[PDB]
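So the chains spell out like this:
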Protein chains: 2
Amino acid sequence: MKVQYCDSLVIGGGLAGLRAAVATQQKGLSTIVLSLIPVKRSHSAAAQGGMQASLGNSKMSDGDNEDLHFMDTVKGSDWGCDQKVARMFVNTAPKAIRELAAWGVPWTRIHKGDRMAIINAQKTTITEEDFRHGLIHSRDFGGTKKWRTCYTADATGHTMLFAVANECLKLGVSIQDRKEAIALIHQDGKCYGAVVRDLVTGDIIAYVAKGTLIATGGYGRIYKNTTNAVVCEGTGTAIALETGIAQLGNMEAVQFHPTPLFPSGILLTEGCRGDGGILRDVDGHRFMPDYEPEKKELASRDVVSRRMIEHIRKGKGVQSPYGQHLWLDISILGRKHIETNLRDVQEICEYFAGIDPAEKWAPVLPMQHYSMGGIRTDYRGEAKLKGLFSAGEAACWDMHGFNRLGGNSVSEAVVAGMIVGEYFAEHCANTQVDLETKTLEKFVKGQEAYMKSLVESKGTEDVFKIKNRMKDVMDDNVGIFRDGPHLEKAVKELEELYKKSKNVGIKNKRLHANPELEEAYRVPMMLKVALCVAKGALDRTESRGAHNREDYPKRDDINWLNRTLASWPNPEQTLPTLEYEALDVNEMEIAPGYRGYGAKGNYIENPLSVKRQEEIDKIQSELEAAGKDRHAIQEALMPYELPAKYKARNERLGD
Amino acid sequence: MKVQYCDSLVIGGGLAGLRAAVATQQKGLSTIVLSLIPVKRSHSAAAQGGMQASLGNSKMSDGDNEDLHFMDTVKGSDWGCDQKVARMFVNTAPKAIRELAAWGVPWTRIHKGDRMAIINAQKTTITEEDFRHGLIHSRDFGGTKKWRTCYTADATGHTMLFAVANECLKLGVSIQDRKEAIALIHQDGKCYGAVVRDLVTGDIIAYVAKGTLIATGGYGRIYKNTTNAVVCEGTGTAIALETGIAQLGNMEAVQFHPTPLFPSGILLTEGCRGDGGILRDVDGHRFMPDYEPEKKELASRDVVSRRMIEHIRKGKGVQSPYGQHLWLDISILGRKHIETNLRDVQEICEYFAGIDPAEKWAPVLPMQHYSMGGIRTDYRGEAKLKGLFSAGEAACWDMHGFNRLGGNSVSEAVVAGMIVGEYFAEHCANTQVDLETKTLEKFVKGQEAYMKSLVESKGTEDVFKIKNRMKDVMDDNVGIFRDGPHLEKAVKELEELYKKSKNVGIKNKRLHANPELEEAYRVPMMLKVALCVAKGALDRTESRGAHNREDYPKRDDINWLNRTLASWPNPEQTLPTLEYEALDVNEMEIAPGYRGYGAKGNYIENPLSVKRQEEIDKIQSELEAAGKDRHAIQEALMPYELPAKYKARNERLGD
Ligand SMILES: *Cc1cc2c(cc1C)nc1c(=O)[nH]c(=O)nc-1n2C[C@H](O)[C@H](O)[C@H](O)COP(=O)(O)OP(=O)(O)OC[C@H]1O[C@@H](n2cnc3c(N)ncnc32)[C@H](O)[C@@H]1O
Ligand SMILES: *Cc1cc2c(cc1C)nc1c(=O)[nH]c(=O)nc-1n2C[C@H](O)[C@H](O)[C@H](O)COP(=O)(O)OP(=O)(O)OC[C@H]1O[C@@H](n2cnc3c(N)ncnc32)[C@H](O)[C@@H]1O
Ligand code: NA
Ligand code: NA
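Residues numbered from 1 in each chain as written, not as in the entry; some residues may be left out. Chains lettered and ligands numbered in written order. Part of a larger assembly, values for the part shown. Heavy atoms only, no water.

Regarding how it was determined, this PDB entry cites X-ray crystallography in its header, along with a resolution of 3.10 Å.

(A) Expanded view of the overall build of chain A. Counting its secondary structure elements, chain A contains 17 helices and 25 strands. The C-alpha atoms of chain A give 24 Å as radius of gyration, which agrees with the globular expectation for 655 residues (26 Å, within 12%). Judged by the C-alpha coordinates and their principal axes, chain A covers about 70 × 60 × 50 Å. Residues counted as buried form 62% of the 655 residues belonging to chain A. (Helix = DSSP H or I, 4+ residues; strand = E, 2+ residues; numbered from the N terminus. Rg over C-alpha atoms; globule rule 2.2 N^0.38 Å. Buried < 20%, exposed > 50% of the residue type's maximum accessible area, 1.4 Å probe, protein only.)

(B) Local environment of the site of ligand 1. Residues and elements named next belong to chain A. In the neighbourhood of ligand 1, 37 residues make up the surrounding shell, with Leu-15, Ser-42, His-43, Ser-44 and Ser-409 lying closest. Contacts to ligand 1 include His-43, whose backbone N or O atom sits 3.4 Å from an oxygen atom. Between ligand 1 and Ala-215 there is a distance of 3.2 Å, counted from an oxygen atom to a backbone nitrogen or oxygen. Contact with the protein chains removes 98% of the 1,000 Å² of surface that ligand 1 exposes when unbound. Class assignment for the residues of the shell around ligand 1 results in 13 nonpolar, 20 polar and four charged. (Near = heavy atom within 4 Å. Polar contact = N/O pair within 3.5 Å; in protein donor to acceptor, adjacent residues only side chain to side chain. Areas by Shrake-Rupley, 256 points an atom, 1.4 Å probe, with all protein chains shown as cover. Nonpolar A, V, L, I, M, F, W, Y, C, P; charged D, E, K, R; others polar.)

(C) How the structure looks around the sheet that holds strand β12 (residues 211-214) of chain B. Residues and elements named next belong to chain B. Sheet architecture is open: three strands sit in the order β2-β12-β19, paired in parallel fashion. Sheet topology places β2 (8-11) and β19 (388-390) at the edges, where each strand pairs with a single neighbour. Ignoring strand direction, the axes of neighbouring strands in this sheet form an average angle of 25°. Alignment of β2 against β12, held across four bridges, turns out to be parallel. When the sheet's bridge partners are listed, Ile-11 is paired in β12 with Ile-214. (Pairing = 2+ DSSP bridges. Axes fitted to C-alpha atoms, helices over the stretch in contact; angles between N-to-C directions.)

(D) Spotlight on the domain arrangement of chain A. Residues and elements named next belong to chain A. Its domain assignment divides chain A into domain 1 (1-258 + 366-436), domain 2 (259-365), domain 3 (437-554) and domain 4 (555-648). When each unit is reduced to the centre of its C-alpha atoms, the spacing between domain 3 and domain 4 is 33 Å. The interface of domain 3 with domain 4 comprises 18 residues on the first partner and 22 residues on the second. Together domain 3 and domain 4 conceal approximately 1,600 Å² of surface at their shared face, both sides included; 57% is due to carbon and sulfur atoms. At the boundary of domain 3 and domain 4, one finds one salt bridge. Viewed at the interface, domain 4 and domain 3 are joined by 12 residue pairs in polar contact. Looking at the side of domain 3 that touches domain 4, the elements with two or more residues in it are α14 (486-498) and α15 (515-539). In terms of residue count, α15 provides more of the side of domain 3 that touches domain 4 than any other element does, six residues in total. Here the residues of the side of domain 3 that touches domain 4 are counted per class, giving five nonpolar, four polar and nine charged. (Domains from an automatic or database assignment. Contact = heavy atoms within 4.5 Å. Buried area = accessible area lost by both parts, 1.4 Å probe. Salt bridge = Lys/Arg side-chain N within 4 Å of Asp/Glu carboxyl O.)

(E) A look at unusual backbone geometry. Cis rather than trans, the peptide bond between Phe-262 of chain A and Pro-263 of chain A has omega equal to 0°. The topology assignment puts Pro-263 of chain A in the loop between β14 (255-257) and α7 (271-274). Even without being a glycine, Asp-78 of chain B presents a positive backbone phi close to 50°.

(F) The arrangement of helix α11 (residues 409-430) of chain B in detail. Residue and element names in this part refer to chain B. Its 22 residues place the ends of α11 30 Å apart at the C-alpha level, agreeing with the 32 Å of an ideal helix rising 1.5 Å per residue. Bending of α11 peaks at approximately 30° at the position of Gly-421. When you tally the buried positions in α11, you get 19 out of 22 residues, the bulk of the element. (Expected span 1.5 Å × (residues − 1). Bend = angle between axes of the 7 residues up to and from the residue.)

(G) Quick look at the coordination of the sodium ion (ligand 4). All names here are of chain B. Protein ligation of the sodium ion (ligand 4) involves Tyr-370 (OH), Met-372 (O) and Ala-395 (O), the donor distances falling in the range 2.5 to 2.9 Å. For the sodium ion (ligand 4), all donor residues lie on one chain, and their spacing in sequence is Y-x1-M-x22-A. With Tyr-370 in strand β17 (residues 367-370) and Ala-395 in strand β20 (residues 395-396), this residue pair connects regions lying 25 residues apart in the sequence. Exposure remark for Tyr-370: the relative accessible area of 3% places this residue in the buried category. Look at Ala-395 and you get buried, because its relative accessible area is 6%. (Donors = N, O, S within 2.8 Å, 3.2 Å for Na, K, Ca; no water.)

(H) How the structure looks around the packing of aromatic side chains. Residues and elements named next belong to chain B. Across all of its chains, the model carries 16 aromatic pairs over all chains by this definition. Taken together, a centroid distance of 6.4 Å and an interplanar angle of 85° make the contact between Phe-262 and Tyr-322 edge-to-face. Of this pair, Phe-262 sits in the loop between β14 (255-257) and α7 (271-274) while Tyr-322 sits in the loop between α9 (301-316) and β16 (327-329), and the two are 60 residues apart along the sequence. The exposure class assigned to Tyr-322 is exposed, which follows from its relative accessible area of 64%. Aromatic pair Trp-560 and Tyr-580: ring centres 5.4 Å apart, planes at 75°, arrangement edge-to-face. On the criterion of sequence distance, the pair formed by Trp-560 in the loop between β23 (548-549) and β24 (562-567) and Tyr-580 in strand β25 (residues 577-582) is long-range, its members being 20 residues apart. (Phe/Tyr/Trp six-rings, centres within 6.5 Å; stacked < 30°, edge-to-face > 60°.)

(I) A look at the coordination of the sodium ion (ligand 3). All names here are of chain A. Every protein donor of the sodium ion (ligand 3) is listed here as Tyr-370 (OH), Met-372 (O) and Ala-395 (O), and their distances to the metal cover 2.5 to 2.9 Å. Linear spacing of the donor residues for the sodium ion (ligand 3) on their chain is Y-x1-M-x22-A. Of the two residues, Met-372 sits in the loop between β17 (367-370) and β18 (374-376) while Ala-395 sits in strand β20 (residues 395-396), which places them 23 residues apart along the sequence.

(J) Representation of the environment of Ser-331 of chain A in the model. Residues and elements named next belong to chain A. Tracing the sequence through the fold places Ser-331 in the loop between β16 (327-329) and α10 (344-351). Once the C-alpha coordinates of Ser-331 and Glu-641 are considered, the two residues, 310 residues apart in sequence, prove to be 47 Å apart. Dropping the residues within four chain positions of it, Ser-331 is found in contact with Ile-338, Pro-357, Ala-358, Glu-359 and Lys-360. Of the polar contacts made by the side chain of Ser-331, one reaches the side chain of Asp-329; its length is 3.0 Å.

(K) Structural view of the interface of chain B and chain A. Across the boundary between the two partners, chain B contributes 15 residues, which contact 16 residues of chain A. In total, about 1,400 Å² of surface goes out of reach between chain B and chain A, with carbon and sulfur atoms giving 42% of it. Summed over the shared surface of chain B and chain A, the number is two salt bridges. The salt bridge partner of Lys-210 of chain A is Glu-441 of chain B, with a shortest N-O separation of 2.6 Å. The tally of links between chain B and chain A comes to 13 residue pairs in polar contact. Elements that contribute at least two residues to the side of chain B that touches chain A include exactly β1 (3-5), β21 (434-436) and α12 (437-456) of chain B. Bridge analysis of strand β21 (residues 434-436) of chain A against β21 of chain B gives three bridges, and the strand direction is antiparallel. Of the residues in β21 of chain B, the one forming a bridge with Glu-436 of chain A is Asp-434 of chain B.

(L) Here's a closer look at the site of ligand 2. All names here are of chain B. Contacts to ligand 2 come from 37 residues, most closely from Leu-15, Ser-42, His-43, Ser-44 and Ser-409. The separation between an oxygen atom of ligand 2 and a polar side-chain atom of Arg-404 is 3.3 Å. Within the side chain of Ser-409, a nitrogen or oxygen atom sits 2.6 Å from an oxygen atom of ligand 2. Starting from 1,000 Å² of accessible surface for ligand 2 in isolation, the protein chains cover 98%. Elements that contribute at least two residues to the shell around ligand 2 include exactly β9 (180-186), α6 (235-241), β17 and α11. Looking at side-chain class alone, the shell around ligand 2 contains 13 nonpolar, 20 polar and four charged residues.

Here is the structure:
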């Protein structure tokens, strides 16, 4: 038997998974980092827009602060997130972005002088003072009433992933690409590590360690049309669910992006609009402050996208041999504001769309892009399976709720990595474990058998036909607009397939570097993660954030101010066991109301919502008359907990 | 913390340690093999004489068999060994030597025709038939009444060590030289592995594994004049003693060789005499069948050596600026029987003694050479610390008693490796262990601290002066002839030093590839192993085998038919805790009598000895009249247990 130990494993060398391993390895904990493909090729690299931090340097980031970011985030969450987490976060992003910039990351910085902004209408000539020259700059982004989205051109995610990964290499972390986690190791509801299958040699190894973190990124690939890389299949989400002890949260909360270059699905940044570029209809105008006057563009995903399907369902979808769609005209947004800062989102258009960006509008169309849900964990990172932590799009720490805010995911990545890191190092350095050879063997010898059955399998299902059929079902019925009948013909076929996925037959017998065998043990997992979303969504009868239910269009606060905690307790069962967890209004620093946009007055209101509001304004006004700063009041309304290292307040420009 | 796991560790890549790892790795058990210096440089390589196997091919090995070997062994043991083990052995050596020869080992084989033997007197012209051509040959050796000592020139140990080590490399075993074991890991009297210190990088690693075997070779270096390599310091013996749970056996049973080229101590084979070469006195004659008529040479170590000190103590020691001594004249033993088969033992003489062998006699003088005692284990290999096995000169499986028989040690090496191997594979493959992080840490973090104290040490003892002083004490008072008063001025200074060895100070502070720091943590161990022998010998008041007590010259059977089981229960104590274990006469296939040589009638006889003898001859004669073969009777007198693979009887020449 092959076994390898380390003080702290880290399943997923993404952007978040790496930051975490940095905060552990930097303090004696010998750590490992498994990964399908070499780290610097993760999906983070493909980050366009930027990182959002309540910084406040730019003439626009000006006057920004935790509170504003806090609110911007919370209101965007359509109130389905954990307020004290969103709080920990905001107070860390700033000092997170600074660390990065000090590690190399070249953030496009401010220059003394007058700019040439485009705003919504047109050119407005902005002027940055001179006490701002050389400080991290910002961009206007989706749903922000302040410019706090930082950037390094439009390939921001890239310069970050590298700056971090490079750091691990400096510390002696151990990267081990082409190695996949296929099952976690638990004994008495405790995680001892994982069972890994060397994608190349093909042999199973047991990776044991005191702690174990899972950062396997989104699951956008359970859908046919997604912007996510082809290795964002949620296998990692799947294996924590297969332990039947931990639970996935809001698995049905899937965010969709408005302008992914159709049909490839290759992203085309929001900096398009935040930089002034705007959406042209089929008639070719602005269904912009036409459908929603506070700008259609510069509104949340679930918003800006919704109507993008309305105009089309009214038959106004000017298709092609693949489908109806719209266009994004940034032709009028200068050839300097395009040939730079929308540099990729221009080459992307020439090499694929075979046309020019500073020329025309693109054949776009909303598709899946982010995955809020995932392994549900508490505020410190740990889950229900004590010992197993999580962070990144991969899990549901939930500072997102039912609608992530543009430029937050890759801020949550480093932030969460910093926070959940300190709490992971703590656990591994203290918790003592009882490693049992009988158990280790049970899991390993048990996984090996699994591989064999698959090879000696005699069933006759084309995993590629079952796989592709799943992605069809999802993208169709669980699209932007969901309804009772369709989230049933789905929850049904998705099940009928998890049953067919056990009768598959592969042609290539080899037990090594076999790609076919990979898609055989990978699919069944995806389906189980698919059932969690489809069924998870079917049950949740109302319309909140990215969850639009044509038949329960009102954001029910009285019944659905909870989180769909999906589990899979028994090995046999074909459908997830959805239990719900309620939210406490008397812990919210901001009570349930209108989100600043979206359709007005469409939420069946809850009584405690108001009551809490009153006593918020009570406390508010009293401590303002008393002469208390915003931190004192924050502390009043709702206190949040943070680790030592990241306690101090973020010093801003002009105090 | 750095931890490395494997299904079965193997502390000591000697000749035995490797064979063992072959029988485990060949059946799925992932194994490791620690070692001070690359394996093929072990001390086994320096084996001269040969391997003894009850083979019977040569006209002289003729009619040989297990029984004869059995007896030859047992009588040589001066009855202080475990009969059923010596039994397991003999029945395996033959099939052991065959395996070797099939693995490559080129054994000097028989040739059709008349030879030119020398015997004791002189040339006698021997003639091998023709049904013997091409079969493993043999040599006459120390204390054998049959020629069963096999060879490949006089560098036999070499071609073996390699043939085996080469095998490991073929199987994927993992050799890890320049890595030393400095403490074993036990929890509730069970061995989980060891704490290792990378001699190069200098950092401590925890090597955990279900089983753990220790084959650290003899401890001849606790003596000043020894033939053992400079890495035969018994550290490995020392660490099993430091767990305070397992016990060392007959630590005071140390074998001395008669002709080690004086003063260097570089061996000069017994093939010298077994090939006809004989010992010249100071007068220059033959104190040979002068002191003992059945040939002084071709008598056990404890025998042939004893008087070598008598002639000298009568003042007849024709010294030099280093000491008195004798000579070995093989000048008359042909220049072909010398320039070959005594090839090394000729170059050895020219490069060091600066003279020629087929010319003169050498400036020899008895010195330590073998180490019977060591980690006491049962018949299957395991010790008192369930989980920790042992094999090789390193431990006391005890098929030796108080006098190993020339050519047995490197037969015990492969044999024991084959047997104890099957019993080690079994244990590791079944026994399940409870590995605890708190424990692992306790040992490792605990060893690291130890290293530091040593570096930050402020005492002022020259470890090289304490070390060298120990080797003086031993070689003096615990020499061939021991006596009550001197095994007291010893047991005392040896203690007074283990107390000084804790106040040593090193000059080189570096914590890596530090040779000085090595001799600092190594010495204290040697002393504790030294106290076990000195005190072990002091207590044992009688003269048995290699234990010659000038004041208790009679081989006491009534009081001392036991084994000095030395332990060290508490960490503080300065003297080993000697307990004794008794031997059962009614299990012996051969009861306590005259050994075929040595001084006649010098053993205070025990009553059951005789009684057992009578009923041996009773059973004997009855089953002979009944028409029973020697295996049937053997089975009667005393049955021994063996592993499956090595059960079948060894097919001989002419049945
Ligand atoms: C797809 C996408 C995402 C995206 C974006 C544009 C596109 C096309 N633009 C963004 C933007 O402008 N601003 C922003 O804030 N976020 C943007 N995103 C999403 C964002 O990059 C992600 O949410 C974030 O990077 C997710 O965190 P993380 O860095 O940890 O995860 P990942 O990049 O998806 O990588 C997953 C890693 O885990 C390894 N893995 C996966 N499964 C396994 C298993 N089973 N075993 C072992 N390792 C595993 C992957 O190989 C990878 O390293
Ligand atoms: C010294 C000697 C021995 C000898 C001989 C001639 C000389 C000069 N001639 C012999 C002969 O003709 N016939 C015979 O039968 N035996 C003869 N011997 C002795 C025989 O070779 C030994 O008894 C036998 O080889 C002992 O078994 P083993 O092969 O296991 O042991 P070793 O060779 O002494 O090697 C010890 C190994 O263990 C490693 N080691 C030691 N301590 C440690 C620690 N603490 N940690 C890790 N590894 C350790 C050594 O490095 C080595 O590999
Ligand atoms: Na998420
Ligand atoms: Na021994």
